[PDB]
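What follows is one structure encoded as structure tokens, with my remarks underneath.
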Amino acid sequence: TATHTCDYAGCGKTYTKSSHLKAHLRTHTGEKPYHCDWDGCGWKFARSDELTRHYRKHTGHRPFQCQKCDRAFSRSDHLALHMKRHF
DNA sequence: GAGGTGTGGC
DNA sequence: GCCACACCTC
Ligand SMILES: [Zn+2]
Ligand SMILES: [Zn+2]
Ligand SMILES: [Zn+2]
């Protein structure tokens with residue numbers, strides 16, 4: 001039940017929220033509103049969370065620490081898969 | 001691990 | 001719109 005349809009070149013992809021469609025439309029337009037501000041870096045991204053992932057390459061930030069060993073991860077889904085190895 | 005992206009509470 | 005969740009593919 002998706003009411004927000006993409007009307008670009010007969011794409012037809014449909015989403016549940018308008019903000020989802022607006023983000024998808026960037027695949028057709030090449031718009032990248034989220035700019036890395038790291039010194040000397042000119043990378044830009046269509047989604048804010050893609051920029052977050054990029055910043056963690058600059059900072060080495062790994063917020064998701066495994067509570068059963070010393071390993072840490074930049075993303076929760078990486079940790080979740082690793083945790084299965086403990087059980 | 002990384003890239004891409006569909007989803008939904010707020 | 002922000003943000004992280006969740007899943008697929010490589
Ligand atoms: Zn489209
Ligand atoms: Zn950067
Ligand atoms: Zn572990």
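To find a chain, count down the sequence lines: A is the first, B the second, and so on, and within it residues start at 1. Because only heavy atoms are used, hydrogens play no part in the values below, and waters and symmetry mates are left out as well, while side chains stay in.
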Margin query: Once rounded to the nearest 0.5 Å, what's the spacing between atom CD of A/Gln67 and atom CE of A/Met83?
Written below: 8.5 Å
Note to self: For DNA chain C, which residues of residues 37-55 of chain A approach it to below 4.0 angstrom with any heavy atom?
What the structure shows: A/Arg47, A/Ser48, A/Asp49, A/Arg53
Protein-nucleotides 8-10 of chain B N/O pairs closer than 3.5 Å?
from: B/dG8; atom 1: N7; to: A/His20; atom 2: NE2; distance (Å): 2.9
from: B/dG9; atom 1: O6; to: A/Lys17; atom 2: NZ; distance (Å): 2.7

Margin query: Which helical stems does DNA chain C take part in, if a stem means at least 3 consecutive Watson-Crick or G-U pairs with both distances below 3.5 Å?
Written below: B:1-10 with C:1-10
Notebook entry, point to check: Which atom pair, heavy atoms only, marks the closest approach of A/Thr5 to A/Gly12?
Noted result: CG2-O, 3.9 Å
Notebook entry, point to check: A/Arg26 side chain to A/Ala46 main-chain N or O, any donor-acceptor pair under 3.5 Å?
Noted result: yes
Checklist line | Spacing of A/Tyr55 atom OH and A/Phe45 atom CZ [to the nearest 0.5 Å] | finding: 9.5 Å
Notebook entry, point to check: Taking only side-chain nitrogens and oxygens of A/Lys13, does any of them come within less than 4.0 Å of OP1 or OP2 of B/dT5?
Noted result: no
Check: What residues in residues 60-81 of chain A put a non-hydrogen atom under 4.0 Å from any atom of DNA chain C?
Finding: A/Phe64, A/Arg75, A/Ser76, A/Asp77
Check: How far does OG1 of A/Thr52 sit from NZ of A/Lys57, to the nearest 0.5 angstrom?
Finding: 11.5 Å
Item checked: Phosphate-side-chain proximity, A/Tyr15 and B/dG6, N/O vs OP1/OP2 below 4.0 Å -> yes
Note to self: Please give me the minimum heavy-atom distance between A/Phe64 and A/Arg75, naming the atom from each residue.
What the structure shows: CD1-C, 3.5 Å
Next item on the list: Please check if the side chain of A/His35 supplies one atom and the backbone of A/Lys44 the other of a donor-acceptor pair under 3.5 Å.
Entry: no
Next item on the list: Using atom types as modelled and distance alone, determine if a side-chain donor or acceptor of A/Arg62 lies under 3.5 Å from a backbone N or O of A/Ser74.
Entry: no
Checklist line | Distance in Å, A/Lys68 NZ paired with A/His82 NE2, rounded so as to fall on 0.5 Å steps | finding: 9.5 Å
Next item on the list: Indicate, with yes or no, if A/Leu79 and A/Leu81 share a hydrophobic cluster defined by side-chain heavy-atom contacts under 4.5 Å among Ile, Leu, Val, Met, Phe, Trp and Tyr.
Entry: no
Notebook entry, point to check: Looking at A/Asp49 and A/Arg47, what are the two nearest heavy atoms and their distance?
Noted result: OD2-NH2, 2.6 Å
Margin query: When you compare the side chains of A/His54 and A/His58, does any donor N or O come within less than 3.5 Å of an acceptor on the partner?
Written below: yes
Note to self: Restricting to ring-ring contact (aromatic ring centres under 6.0 Å, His included), what partner residues turn up for A/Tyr34, sequence neighbours left out?
What the structure shows: none
Next item on the list: Tell me, please, the opening and closing nucleotides of DNA chain C, 5' to 3', among those with an atom under 4.0 angstrom from a non-hydrogen atom of chain A.
Entry: C/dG1 to C/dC7
Notebook entry, point to check: Hey, what do you get for NE2 (A/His24) to OG (A/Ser19), rounding to the nearest 0.5 Å?
Noted result: 13.5 Å
Note to self: Looking at A/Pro63, is its backbone amide N or carbonyl O close enough to the side chain of A/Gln65 to form a donor-acceptor pair, meaning the two atoms are under 3.5 Å apart?
What the structure shows: no
